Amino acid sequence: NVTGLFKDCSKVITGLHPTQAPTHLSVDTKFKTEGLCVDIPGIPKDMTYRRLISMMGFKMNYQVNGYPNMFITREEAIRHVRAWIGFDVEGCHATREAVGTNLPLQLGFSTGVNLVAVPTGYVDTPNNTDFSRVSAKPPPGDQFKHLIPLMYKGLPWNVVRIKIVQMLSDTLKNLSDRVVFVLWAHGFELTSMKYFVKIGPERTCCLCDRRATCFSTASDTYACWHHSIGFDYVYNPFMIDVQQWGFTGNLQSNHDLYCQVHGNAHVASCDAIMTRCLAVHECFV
């Protein structure tokens, strides 16, 4: 049995040399024998490869003392309804040098904000993993023809994650000591969170006694929503998947049963608005 998490998306037929493969599964077939690997002097390592690694398939079910859980129960999410932010990501497909994974393209929030990012992937090399721009194409079809211009209007992820932190901080500083991302089919949103979320034990703000909701890589410091100017990461966020509440149809058909004032403009923020709207009607009526 295998997972799709960290799936190698390069088009190279051969696997990796035993010294360079992250796992036994990704070692080239030539070196495999008796459930183990052999070193073959004369078959050298590859010193120029670029292998796009998939970030699709994360599982946040860790049970570690002192580390809060990202995914919360419906009852805990209800208690923190002031912290609710609907979140949806429209993606694009890896192309040319890689195939098999989706990259964040348009990030939508229930605040009405849409942020367009440069298609970026985690590319394995002989020395490390390079977080760099990758070739990508908008998904095949006409329900996604609005994503074609967005392929050239994207911002680098270092700017995108500062903008998310600023938007969340301005929205939530007077509402909650937290963020609860309200999702519908969380898979790709969780993948996208890898790009702007950090987790760890509960910390306090550098400038006050409130719990830390933001983290800065530049200074190795933490801040609440009031003192997060310049911060690039969302620290210890919470989230829930509304799809898993027993709904049968798609997002729009379930949202439309209770609400007639949020038409589907087929954009990331619209799906995020509908997700939070549906969660409110289902939880409080």
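Residue positions are given as counts along the sequence shown, with the first one as 1. Basically, rigid core = biggest C-alpha set you can superpose within 1.5 Å across the two forms.
After superposition on the rigid core, the larger root-mean-square Cα deviation in 8 other deposited structures of this protein belongs to 27 to 35, not to the other of 46 to 54 and 27 to 35. With 82 to 90 and 139 to 147 as candidates, the stretch whose CA atoms show the greater average offset from this form in 8 other deposited structures of this protein after a core fit is 139 to 147. A summary of the deposited B-factors shows that, of 261 to 269 and 10 to 18, the stretch with the larger mean C-alpha value is 261 to 269. Here 40 to 48 and 233 to 241 are compared by their mean Cα B-factor, and 40 to 48 comes out higher. Comparing C-alpha B-factors across 83, 155, 182, 193 in the deposited entry, the largest value falls on 155. The entry lists C-alpha B-factors for 197, 107, 123, 205, and the highest of these is at 205.
Remark: residue 222 belongs to the highest third of its chain, ranked by C-alpha B-factor as recorded. Ranked by Cα temperature factor within the chain, residue 128 sits in the highest third according to the deposited record. Residue 61: CA B factor in the lowest third of modelled residues in this chain (values from the PDB entry). Sorting the modelled residues of the chain by their CA temperature factor places residue 73 in the lowest third. Among all modelled residues in this chain, the alpha-carbon of residue 253 has a temperature factor (C-alpha) in the middle third.
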